[PDB]
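What follows is a short report on a single structure.
What follows is calculated from the coordinates using simple rules that are stated; it is not laboratory data. Note that each Cβ is placed from the backbone with ideal geometry, even for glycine, and that neighbours are counted across all protein chains shown.
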Amino acid sequence: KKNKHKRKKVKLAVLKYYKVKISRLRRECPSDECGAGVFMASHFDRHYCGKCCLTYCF
Amino acid sequence: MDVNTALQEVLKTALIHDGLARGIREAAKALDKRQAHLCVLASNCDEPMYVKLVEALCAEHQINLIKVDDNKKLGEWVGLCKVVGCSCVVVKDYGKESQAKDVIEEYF
Ligand SMILES: [Zn+2]
């Protein structure tokens, strides 16, 4: 039987985007729809915005 | 016309006008977006990095902040009612100017 995907719950994910002077560790998506609020995923070889699927390879 | 009553009335108006952003993630997005004139914080929350980030971002954006006592009461005020309990709120905009809004601005 095929198993359904289960979302891995992350506790206080927003806490990982900022360091306290403030520092935004995750790169922000440079798109008209997303803007500064949305952060881009830092994968092992690429930056990937979740909202608009924008990907910048290293 | 206490500041608590003013906050309750302004939050009710913002919710009725869909101008409220509940939760730390939505609040942080609204603050970073150079919007969300006002912010409300709950002193009950036990996470230190929570309050540290909330206050740091609020000060960096240079916007008003209020430290209410109970997270459960804050959630019941913002309209999560059984109440989930909101530990950080943001006012994206106010629906209409009111005496409660004026009292909040004076307290600011
Ligand atoms: Zn994007």
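Computed from backbone phi with θ = phi - 60° and the Karplus coefficients 6.51, -1.76 and 1.60, the 3J(HN,Hα) list for the range B:59-64 is 5, 5, 7, 6, 10, 5 Hz; x is used for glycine and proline. For a 4.7 Å threshold on C-beta separation, the list of partnerless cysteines in chain A reads A:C52, A:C53, A:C57. For chain A, the Kirkwood radius over C-alpha pairs fed into Stokes-Einstein at 20 °C and 1.002 mPa s yields D = 163 µm² per second. Cross-link pairs exceeding 23 Å between alpha carbons, from the set A:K19/B:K67; A:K11/B:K72; A:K8/B:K12; A:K8/B:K73; A:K11/B:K12; A:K19/B:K73: A:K8/B:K12; A:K8/B:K73; A:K11/B:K12; A:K19/B:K73.
The largest-to-smallest principal axis extents of the Cα set in the range B:3-108 are 34, 33, 23 Å. Taking the centroid of alpha carbons for each part, the range B:44-73 and chain A are 23 Å apart. Computed over the Cα atoms of the protein assembly as shown, what is the ratio Rg over Rh, Rh following Kirkwood? Reported Rg/Rh, Kirkwood definition of Rh: 1.02.
For the protein assembly as shown, give me the percentage of DSSP beta bridges that are antiparallel, rounded to the nearest 5 percent. For the protein assembly as shown, the DSSP antiparallel bridge percentage is about 75.
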